[PDB]
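Counting convention: from 1, in listed order, for ligands and their atoms alike. Worth knowing before you read on, the calculation uses all heavy atoms, side chains too, and leaves out hydrogens, waters and symmetry mates. Proteins get letters first, then strands, A, B, ... in listed order; numbering begins at 1 in each.
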Amino acid sequence: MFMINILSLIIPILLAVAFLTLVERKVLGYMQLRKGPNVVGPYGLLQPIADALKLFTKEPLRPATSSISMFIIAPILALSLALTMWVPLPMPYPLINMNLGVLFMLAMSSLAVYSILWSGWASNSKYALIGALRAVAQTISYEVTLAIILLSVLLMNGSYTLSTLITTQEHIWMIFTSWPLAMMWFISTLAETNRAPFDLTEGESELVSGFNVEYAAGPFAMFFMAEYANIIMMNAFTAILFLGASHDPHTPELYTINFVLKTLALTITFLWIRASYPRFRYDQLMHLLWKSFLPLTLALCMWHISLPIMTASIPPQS
Amino acid sequence: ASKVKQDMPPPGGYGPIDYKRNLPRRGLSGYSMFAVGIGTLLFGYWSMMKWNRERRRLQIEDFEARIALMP
Ligand SMILES: CCCCCCCC/C=C\CCCCCCCC(=O)O[C@H](COC(=O)CCCCCCC/C=C/CCCCCCCC)COP(=O)(O)OCCN
């Protein structure tokens, strides 16, 4: 019965990723005065299936100079980690109920960077290497401030349990209490998912295909699926953390509908942002995250430690 | 032997064509936006204060039930 739950989680997520590819193409097309996919299937509804079937029937290449073991391990790690980061999300009930869900997401996301690191190194080509060192720099840029923002926001939750976030925001969204932290968190999640304007690792104009330039076919497809699953997962985490849906214990379907709508809106905002802006230089991302975000985050952390004590508004569950 | 017919501009002249930059101001002042943000923050703080105190009372009640059941 638990395996049925695992499958009912992981298969719909892959289908959502497949159709998010089409939705992104159509949103970008219509923001660019064109249409996007509308031929293969009514309204391009069969385009993701054609893409997947073309990729998995295409020859996979193992580079002559590459390390083969790491070259094959990296996409497996990427996809499995992207699938695993979904299990503690309460929708309104989680698949795996943890005391410290937030720390689990933190650790698994910080493990996910080694997929890019090891694929870029194991390709044994120059553009892949440049992509990998850009990944190193990006993680160094965003990690500390991301963690401090999470701590500051959760100081009103009372714990690290994700389900407590539903009862914390029973009356008001957490975005009305910490909107500067919400802004910094949104930019941090854009940087954490290698999304425009922070899509430095791929670096398409600058680095051809970057870290995954050597990759082709099915192995290449796995990287794409992992990235888009990460997009959806991070936006769902943001929706749970800042726009809290109201949960009726006798009707969880209403909560599920509302939460799915909110995360879809955040994902569409990601696509909008990609369509609207140019790319950062990767030293400029580090300067932004270390000279503007970090001091404000430290000050707001001090403020959010002090405020519940001053106002006698400390949450329960020591 | 009719009149010469050639592509030409119309009698009098064509309408004037705009070319200068046009970027309207289209925004509120900084004071208004800062005030709205601070007001939202204060409203959220006060609502959170009420809710957290209620939650503390509920936790005390549940702990008392556990204390009653312990022996
Ligand atoms: C009564 C007690 C209250 C205590 C005080 C509380 C009020 C505090 C008010 C200030 C809060 C401001 C928070 C803003 C944090 C960042 C501000 C900032 O300065 O960052 C910018 C940089 O920020 C950015 O430009 C973002 C870059 C990425 C942009 C990507 C697209 C933009 C995002 C679209 C909308 C995002 C919506 C966020 C929230 C979403 C919902 C969660 C600095 O960059 P520069 O202008 O170059 O100058 C620095 C050196 N002089």
**OP:** Starting from atom 14 (C) of ligand 1, find the nearest protein heavy-atom neighbour and note its residue, name and distance.
**Re:** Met183(A) CE, 4.1 Å
**OP:** Check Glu61(B), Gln59(B), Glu54(B) against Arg57(B) for a side-chain hydrogen bond (donor to acceptor under 3.5 Å, both in side chains) and give me the one that passes.
**Re:** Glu54(B)
Subject >> Which residue and heavy atom of the protein sit nearest atom 36 (C) of ligand 1, plus the separation >> reply: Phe186(A) CD2, 3.8 Å
Subject >> Check: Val260(A) main-chain N/O paired with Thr263(A) side-chain donor or acceptor under 3.5 Å >> reply: no
Original post:
What part of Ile38(B), side chain from CB on, backbone N/CA/C/O, both or neither, has a heavy atom under 4.0 Å from ligand 1?
Top reply: side chain
Original post:
Does the protein put any heavy atom within less than 4.0 Å of atom 28 (C) of ligand 1?
Top reply: yes
Original post:
Of the listed options (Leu181(A), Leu42(B), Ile187(A)), which comes nearest to atom 33 (C) of ligand 1 when hydrogens are ignored and any heavy atom counts?
Top reply: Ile187(A)
Subject >> Contact partition for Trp272(A) relative to ligand 1, non-hydrogen atoms under 4.0 Å >> reply: neither
Subject >> Side-chain donor-acceptor pair present, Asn157(A), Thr168(A), cut-off under 3.5 Å >> reply: yes
Original post:
Quick one: nearest non-hydrogen protein atom to atom 3 (C) of ligand 1, plus distance?
Top reply: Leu41(B) CD1, 4.0 Å
**OP:** Pull out every atom of ligand 1 sitting under 4.0 Å from any heavy atom of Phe198(A), numbered as shown with elements.
**Re:** 28 (C)
Subject >> Heavy-atom check, side chain of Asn235(A) versus side chain of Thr269(A), under 4.5 Å >> reply: no
**OP:** Report the nearest protein non-hydrogen atom to atom 2 (C) of ligand 1: residue, atom name, distance rounded to 0.1 Å.
**Re:** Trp303(A) CZ2, 3.6 Å
Original post:
What about the rings of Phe104(A) and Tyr160(A), do their centers lie closer together than 6.0 Å?
Top reply: no
Original post:
For ligand 1, is any non-hydrogen atom under 4.0 Å from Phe34(B)'s backbone (N, CA, C, O), its side chain (CB onward), both, or neither?
Top reply: neither
Original post:
Among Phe293(A), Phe280(A), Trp179(A), which residue places a heavy atom closest to atom 20 (O) of ligand 1?
Top reply: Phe293(A)
Original post:
Which atoms of ligand 1 are found less than 4.0 Å from any heavy atom of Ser292(A)?
Top reply: 49 (C)
Subject >> Expected output: side-chain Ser119(A) to main-chain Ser115(A) donor-acceptor under 3.5 Å >> reply: yes
**OP:** May I ask you to identify, for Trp185(A), whether its side chain, its backbone, both or neither come under 4.0 Å of ligand 1 on a heavy-atom basis?
**Re:** neither
**OP:** Name the orientation class of the two ring planes belonging to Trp303(A) and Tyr45(B) (parallel below 30°, tilted from 30 to 60°, perpendicular beyond 60°).
**Re:** tilted
Subject >> Test item: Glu214(A) and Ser66(A) side chains (from C-beta on) under 4.5 Å apart, heavy atoms >> reply: no
Original post:
So, the side chain of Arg274(A) versus the backbone of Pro197(A): is there a donor-acceptor pair under 3.5 Å, distance only?
Top reply: no
**OP:** Over 60° means perpendicular and under 30° means parallel, so classify the ring planes of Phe242(A) and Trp185(A), tilted if in between.
**Re:** tilted
Original post:
Can you find a protein heavy atom closer to atom 49 (C) of ligand 1 than 4.0 Å?
Top reply: yes
Original post:
Hey, is atom 17 (C) of ligand 1 under 4.0 Å from any protein heavy atom?
Top reply: no
**OP:** Using a cut-off of 6.0 Å, state whether more than 12 heavy atoms not belonging to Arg34(A) lie near its atom CZ.
**Re:** yes
Original post:
Between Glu206(A) and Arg134(A), is there a side-chain N and carboxylate O pair less than 4.0 Å apart?
Top reply: yes
Original post:
Within a reach of under 6.0 Å around CZ of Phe280(A), are more than 12 heavy atoms found that belong to other residues, nucleotides or ligands?
Top reply: yes
**OP:** Could you find the nearest protein heavy atom to atom 11 (C) of ligand 1 and give me its residue, atom name and distance?
**Re:** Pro180(A) CB, 3.8 Å
Original post:
Counting heavy atoms only, which part of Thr269(A) comes closer than 4.0 Å to ligand 1: side chain, backbone, both or neither?
Top reply: neither
**OP:** Please check if the distance between the ring centroids of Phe198(A) and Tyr142(A) is under 6.0 Å.
**Re:** no
Original post:
What do we get for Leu266(A) next to ligand 1 when only non-hydrogen atoms under 4.0 Å count, side chain, backbone, both or neither?
Top reply: neither
**OP:** Among all protein heavy atoms, pick the one closest to atom 42 (C) of ligand 1 and tell me residue, atom and distance.
**Re:** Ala182(A) O, 3.7 Å
Original post:
Hey, does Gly37(B) sit under 4.0 Å from ligand 1 if you only count heavy atoms?
Top reply: no
Original post:
When you measure from atom 24 (C) of ligand 1 to every protein heavy atom, which one gives the shortest distance, and what is it?
Top reply: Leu288(A) CD1, 4.5 Å
**OP:** Pick whichever of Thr40(B), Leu289(A), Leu296(A), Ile273(A) has a heavy atom sitting closest to atom 12 (C) of ligand 1.
**Re:** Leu296(A)
Original post:
Where's the contact between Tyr277(A) and ligand 1, heavy-atom distance under 4.0 Å: side chain, backbone, both or neither?
Top reply: side chain
